[PDB]
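> Sending over query-v3.json (JSON, C-alpha atoms (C1' of nucleotides)).
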[["chain", "number", "residue", "atom", "x", "y", "z"],
["A", 1, "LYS", "CA", -11.64, 45.52, 59.01],
["A", 2, "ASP", "CA", -12.22, 44.15, 55.49],
["A", 3, "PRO", "CA", -15.52, 45.16, 53.72],
["A", 4, "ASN", "CA", -16.98, 41.60, 53.86],
["A", 5, "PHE", "CA", -16.16, 37.83, 53.93],
["A", 6, "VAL", "CA", -19.56, 36.09, 53.38],
["A", 7, "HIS", "CA", -19.48, 36.77, 49.62],
["A", 8, "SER", "CA", -22.48, 35.67, 47.53],
["A", 9, "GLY", "CA", -22.58, 33.01, 44.79],
["A", 10, "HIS", "CA", -23.11, 35.27, 41.74],
["A", 11, "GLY", "CA", -22.65, 32.59, 39.01],
["A", 12, "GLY", "CA", -19.23, 30.71, 39.03],
["A", 13, "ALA", "CA", -18.70, 27.07, 37.83],
["A", 14, "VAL", "CA", -19.27, 25.37, 41.23],
["A", 15, "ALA", "CA", -22.39, 23.45, 40.11],
["A", 16, "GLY", "CA", -21.18, 21.92, 36.78],
["A", 17, "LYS", "CA", -18.56, 21.41, 34.02],
["A", 18, "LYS", "CA", -19.44, 24.78, 32.35],
["A", 19, "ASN", "CA", -17.07, 27.66, 31.58],
["A", 20, "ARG", "CA", -15.05, 28.68, 34.60],
["A", 21, "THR", "CA", -15.79, 32.27, 35.83],
["A", 22, "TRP", "CA", -18.67, 33.34, 33.61],
["A", 23, "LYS", "CA", -19.85, 33.33, 30.01],
["A", 24, "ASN", "CA", -17.67, 35.14, 27.45],
["A", 25, "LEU", "CA", -18.94, 38.37, 25.91],
["A", 26, "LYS", "CA", -20.19, 36.66, 22.71],
["A", 27, "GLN", "CA", -22.35, 34.29, 24.85],
["A", 28, "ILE", "CA", -23.71, 37.28, 26.85],
["A", 29, "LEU", "CA", -24.64, 39.07, 23.63],
["A", 30, "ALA", "CA", -26.32, 35.87, 22.30],
["A", 31, "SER", "CA", -28.61, 36.15, 25.38],
["A", 32, "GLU", "CA", -29.23, 39.92, 24.88],
["A", 33, "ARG", "CA", -30.51, 39.42, 21.29],
["A", 34, "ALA", "CA", -33.46, 37.46, 22.80],
["A", 35, "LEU", "CA", -35.02, 40.55, 24.49],
["A", 36, "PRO", "CA", -38.09, 42.62, 23.35],
["A", 37, "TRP", "CA", -36.15, 45.48, 21.76],
["A", 38, "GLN", "CA", -37.82, 48.08, 19.48],
["A", 39, "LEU", "CA", -36.55, 49.90, 16.38],
["A", 40, "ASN", "CA", -35.34, 53.15, 18.03],
["A", 41, "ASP", "CA", -33.56, 51.50, 21.00],
["A", 42, "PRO", "CA", -29.80, 51.98, 21.68],
["A", 43, "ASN", "CA", -27.89, 48.74, 22.23],
["A", 44, "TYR", "CA", -24.37, 47.20, 22.43],
["A", 45, "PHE", "CA", -24.76, 45.02, 19.30],
["B", 1, "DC", "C1'", 56.97, -28.22, -2.00],
["B", 2, "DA", "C1'", 56.23, -23.19, 0.67],
["B", 3, "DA", "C1'", 53.66, -20.04, 2.30],
["B", 4, "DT", "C1'", 49.56, -17.45, 4.06],
["B", 5, "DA", "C1'", 45.68, -18.54, 6.14],
["B", 6, "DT", "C1'", 41.83, -20.79, 8.97],
["B", 7, "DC", "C1'", 41.02, -23.70, 12.74],
["B", 8, "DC", "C1'", 41.44, -25.00, 17.53],
["B", 9, "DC", "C1'", 42.45, -25.10, 22.47],
["B", 10, "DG", "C1'", 43.40, -23.17, 27.13],
["B", 11, "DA", "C1'", 44.02, -18.60, 30.51],
["B", 12, "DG", "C1'", 42.36, -15.03, 31.99],
["B", 13, "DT", "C1'", 38.42, -11.85, 31.84],
["B", 14, "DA", "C1'", 33.60, -7.97, 33.62],
["B", 15, "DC", "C1'", 29.43, -8.12, 33.96],
["B", 16, "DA", "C1'", 24.70, -10.29, 32.80],
["B", 17, "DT", "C1'", 21.81, -12.95, 34.25],
["B", 18, "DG", "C1'", 19.25, -15.13, 36.88],
["B", 19, "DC", "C1'", 17.63, -14.70, 41.30],
["B", 20, "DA", "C1'", 15.48, -12.89, 45.84],
["B", 21, "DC", "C1'", 12.89, -9.05, 47.65],
["B", 22, "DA", "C1'", 9.22, -5.33, 48.69],
["B", 23, "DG", "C1'", 4.93, -3.90, 47.37],
["B", 24, "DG", "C1'", 1.30, -2.15, 44.36],
["B", 25, "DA", "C1'", -2.35, -2.22, 40.91],
["B", 26, "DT", "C1'", -5.25, -5.29, 38.85],
["B", 27, "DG", "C1'", -7.20, -9.75, 38.05],
["B", 28, "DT", "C1'", -10.35, -12.07, 40.44],
["B", 29, "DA", "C1'", -15.03, -12.99, 42.36],
["B", 30, "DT", "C1'", -20.12, -12.38, 42.92],
["B", 31, "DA", "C1'", -24.27, -10.44, 41.65],
["B", 32, "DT", "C1'", -26.83, -8.21, 38.15],
["B", 33, "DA", "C1'", -28.04, -7.38, 33.18],
["B", 34, "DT", "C1'", -30.15, -6.80, 28.82],
["B", 35, "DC", "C1'", -29.72, -7.81, 24.90],
["B", 36, "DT", "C1'", -26.94, -9.88, 21.01],
["B", 37, "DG", "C1'", -28.04, -12.77, 18.13],
["B", 38, "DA", "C1'", -29.17, -17.84, 18.19],
["B", 39, "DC", "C1'", -32.50, -20.09, 16.51],
["B", 40, "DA", "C1'", -36.11, -20.93, 14.68],
["B", 41, "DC", "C1'", -39.35, -20.01, 10.94],
["B", 42, "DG", "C1'", -40.74, -19.41, 6.14],
["B", 43, "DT", "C1'", -39.70, -16.41, 0.98],
["B", 44, "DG", "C1'", -38.48, -16.38, -3.31],
["B", 45, "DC", "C1'", -34.11, -16.46, -6.53],
["B", 46, "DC", "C1'", -30.53, -17.99, -8.78],
["B", 47, "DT", "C1'", -27.60, -21.32, -9.05],
["B", 48, "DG", "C1'", -28.00, -24.78, -11.55],
["B", 49, "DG", "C1'", -29.41, -27.76, -14.79],
["B", 50, "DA", "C1'", -30.28, -29.34, -19.68],
["B", 51, "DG", "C1'", -30.82, -28.63, -25.52],
["B", 52, "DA", "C1'", -29.97, -27.07, -30.14],
["B", 53, "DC", "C1'", -27.18, -24.71, -32.98],
["B", 54, "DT", "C1'", -23.89, -22.12, -35.34],
["B", 55, "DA", "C1'", -19.22, -20.08, -36.10],
["B", 56, "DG", "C1'", -14.99, -19.11, -33.79],
["B", 57, "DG", "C1'", -11.50, -20.96, -32.31],
["B", 58, "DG", "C1'", -8.44, -24.48, -31.65],
["B", 59, "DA", "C1'", -5.52, -27.93, -33.21],
["B", 60, "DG", "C1'", -3.06, -29.61, -36.57],
["B", 61, "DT", "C1'", 0.45, -29.39, -40.17],
["B", 62, "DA", "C1'", 4.27, -27.53, -43.43],
["B", 63, "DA", "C1'", 7.94, -24.89, -44.61],
["B", 64, "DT", "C1'", 11.75, -22.34, -42.96],
["B", 65, "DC", "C1'", 15.51, -18.99, -41.23],
["B", 66, "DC", "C1'", 15.31, -16.01, -37.44],
["B", 67, "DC", "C1'", 17.05, -15.88, -33.57],
["B", 68, "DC", "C1'", 19.34, -18.14, -30.62],
["B", 69, "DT", "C1'", 23.43, -20.22, -29.73],
["B", 70, "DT", "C1'", 28.53, -20.95, -29.85],
["B", 71, "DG", "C1'", 33.28, -20.05, -30.65],
["B", 72, "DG", "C1'", 36.58, -17.35, -30.95],
["B", 73, "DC", "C1'", 37.32, -12.78, -30.87],
["B", 74, "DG", "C1'", 40.47, -8.34, -29.08],
["B", 75, "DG", "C1'", 40.62, -4.84, -25.33],
["B", 76, "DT", "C1'", 40.68, -3.08, -20.87],
["B", 77, "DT", "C1'", 39.96, -2.90, -16.25],
["B", 78, "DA", "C1'", 38.50, -4.71, -10.71],
["B", 79, "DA", "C1'", 41.52, -7.12, -8.02],
["B", 80, "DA", "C1'", 45.99, -7.51, -5.39],
["B", 81, "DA", "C1'", 48.94, -5.57, -2.57],
["B", 82, "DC", "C1'", 51.23, -2.13, -0.93],
["B", 83, "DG", "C1'", 52.23, 2.18, 0.79],
["B", 84, "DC", "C1'", 50.17, 6.09, 3.40],
["B", 85, "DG", "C1'", 46.30, 10.16, 5.92],
["B", 86, "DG", "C1'", 43.40, 11.49, 8.56],
["B", 87, "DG", "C1'", 39.58, 10.27, 11.01],
["B", 88, "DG", "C1'", 36.53, 7.41, 13.83],
["B", 89, "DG", "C1'", 37.20, 6.50, 18.63],
["B", 90, "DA", "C1'", 37.18, 7.19, 24.09],
["B", 91, "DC", "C1'", 36.12, 11.13, 28.12],
["B", 92, "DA", "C1'", 34.61, 15.79, 30.99],
["B", 93, "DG", "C1'", 29.89, 18.71, 31.54],
["B", 94, "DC", "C1'", 24.63, 22.08, 30.42],
["B", 95, "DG", "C1'", 20.47, 22.54, 30.32],
["B", 96, "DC", "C1'", 17.02, 21.87, 27.66],
["B", 97, "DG", "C1'", 12.76, 18.63, 26.99],
["B", 98, "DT", "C1'", 10.25, 15.26, 28.48],
["B", 99, "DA", "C1'", 7.79, 13.80, 31.56],
["B", 100, "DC", "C1'", 4.21, 14.32, 34.95],
["B", 101, "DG", "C1'", 1.12, 16.46, 37.95],
["B", 102, "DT", "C1'", -2.76, 20.15, 38.51],
["B", 103, "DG", "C1'", -6.44, 21.92, 37.44],
["B", 104, "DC", "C1'", -7.29, 23.20, 33.62],
["B", 105, "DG", "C1'", -13.42, 23.66, 31.14],
["B", 106, "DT", "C1'", -14.58, 21.89, 25.40],
["B", 107, "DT", "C1'", -17.04, 18.92, 23.61],
["B", 108, "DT", "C1'", -19.60, 14.43, 22.81],
["B", 109, "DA", "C1'", -22.98, 11.19, 23.62],
["B", 110, "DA", "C1'", -27.66, 10.55, 24.56],
["B", 111, "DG", "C1'", -32.14, 11.03, 24.33],
["B", 112, "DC", "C1'", -35.41, 14.26, 22.78],
["B", 113, "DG", "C1'", -39.16, 15.33, 18.18],
["B", 114, "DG", "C1'", -39.51, 16.74, 13.80],
["B", 115, "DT", "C1'", -38.94, 16.18, 8.43],
["B", 116, "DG", "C1'", -36.77, 16.15, 4.06],
["B", 117, "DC", "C1'", -32.97, 13.65, 1.70],
["B", 118, "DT", "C1'", -32.06, 9.57, -0.77],
["B", 119, "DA", "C1'", -32.58, 5.74, -2.90],
["B", 120, "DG", "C1'", -35.47, 2.36, -5.14],
["B", 121, "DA", "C1'", -38.98, 2.62, -7.96],
["B", 122, "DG", "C1'", -40.38, 3.39, -14.15],
["B", 123, "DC", "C1'", -40.70, 1.33, -19.33],
["B", 124, "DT", "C1'", -39.56, 6.27, -17.42],
["B", 125, "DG", "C1'", -38.03, 7.83, -22.65],
["B", 126, "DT", "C1'", -35.06, 8.07, -25.74],
["B", 127, "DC", "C1'", -30.44, 8.25, -28.44],
["B", 128, "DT", "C1'", -24.97, 7.99, -27.11],
["B", 129, "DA", "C1'", -22.68, 4.76, -28.51],
["B", 130, "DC", "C1'", -22.52, 0.63, -31.34],
["B", 131, "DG", "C1'", -21.96, -1.74, -35.05],
["B", 132, "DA", "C1'", -22.05, -1.44, -40.49],
["B", 133, "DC", "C1'", -20.78, 0.10, -44.09],
["B", 134, "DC", "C1'", -18.54, 3.34, -47.30],
["B", 135, "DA", "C1'", -14.74, 6.13, -48.95],
["B", 136, "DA", "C1'", -9.32, 8.34, -49.05],
["B", 137, "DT", "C1'", -4.91, 8.10, -48.53],
["B", 138, "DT", "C1'", -0.39, 6.77, -48.58],
["B", 139, "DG", "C1'", 3.13, 3.63, -50.00],
["B", 140, "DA", "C1'", 5.31, 0.06, -52.56],
["B", 141, "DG", "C1'", 6.40, -2.53, -56.41],
["B", 142, "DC", "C1'", 6.31, -3.34, -61.71],
["B", 143, "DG", "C1'", 6.06, -1.65, -66.19],
["B", 144, "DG", "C1'", 7.85, 1.35, -69.32],
["B", 145, "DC", "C1'", 10.11, 5.27, -71.79],
["B", 146, "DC", "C1'", 14.94, 7.52, -72.02],
["B", 147, "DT", "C1'", 22.48, 8.80, -71.36],
["B", 148, "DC", "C1'", 26.23, 7.00, -70.82],
["B", 149, "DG", "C1'", 30.93, 3.40, -70.02],
["B", 150, "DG", "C1'", 33.24, -0.25, -71.09],
["B", 151, "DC", "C1'", 34.16, -3.32, -75.31],
["B", 152, "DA", "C1'", 34.70, -4.70, -81.07]]
Using structure tokens, write down the structure from this file.

Amino acid sequence: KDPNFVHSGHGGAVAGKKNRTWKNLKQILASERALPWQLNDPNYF
DNA sequence: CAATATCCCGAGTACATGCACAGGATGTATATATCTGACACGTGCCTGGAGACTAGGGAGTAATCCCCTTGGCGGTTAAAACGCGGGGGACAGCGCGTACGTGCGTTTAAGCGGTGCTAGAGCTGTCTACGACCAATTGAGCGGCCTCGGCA
């Protein structure tokens, strides 16, 4: 009936005290600024 | 002496208190723990002692009238007591906050290595501030010149 029930653990706060569902957008972006971008590349920031 | 008042004693009066009860949360109890700091050891400083001397101050006195102190002052209200007004006092209910419980997830503490901020260094090296002295100013009091009011 329903599409699925054995849903995967994508990243929620089961394993520790950290923020509940997932990182906020600012924290995501702080991890995107680490990548090997080059001077012509489109981006979100 | 009369009068308003405080004091005192017994009847009658709700509930307050001290108690008994169920039960729950925490104080105990044991074992373990490192580490606070106790204790022991010297380090080196100032707290103290101890002298010589001036000059600042302190103590003393003398003279005295300022200020306090007192009496007697004249003037007006806080108190006394009453009349007199409204206002502090005793019940019915709403629902809003406070509490309290749930699951909310933010941040701190800790232990990590790196490093630059600060706080003890100088004779730093001077020179603001510290006396030292001079000079200006105002004010006050004392002489001295000059119109006029009461007296011969």
> Find the residues near residue A:13: any atom within 12 Å, counting only C-alpha atoms (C1' of nucleotides), skip ones fewer than 5 places away on the same chain, and give them as a PDB file with C-alpha atoms (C1' of nucleotides), in the frame of the given file.

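Wrote it out as result22.pdb, contents follow:
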ATOM      1  CA  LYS A  18     -19.440  24.780  32.350  1.00  0.00           C
ATOM      2  CA  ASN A  19     -17.070  27.660  31.580  1.00  0.00           C
ATOM      3  CA  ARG A  20     -15.050  28.680  34.600  1.00  0.00           C
ATOM      4  CA  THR A  21     -15.790  32.270  35.830  1.00  0.00           C
ATOM      5  CA  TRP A  22     -18.670  33.340  33.610  1.00  0.00           C
ATOM      6  CA  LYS A  23     -19.850  33.330  30.010  1.00  0.00           C
TER       7      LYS A  23
ATOM      8  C1'  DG B 105     -13.420  23.660  31.140  1.00  0.00           C
TER       9       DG B 105
END
> Could you list, as a PyMOL selection string, every residue of chain B that has an atom within 12 Å of an atom of chain A, counting all atoms listed in the file?
chain B and resi 103-107
> Figure out the distance between atom CA of residue A:42 and atom CA of residue A:29, please, to one decimal in Å.
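Atom CA of residue A:42 lies 14.0 Å from atom CA of residue A:29.
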> Quick one, how far is atom CA of residue A:45 from atom CA of residue A:26?
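We find that atom CA of residue A:45 and atom CA of residue A:26 lie 10.1 Å from each other.
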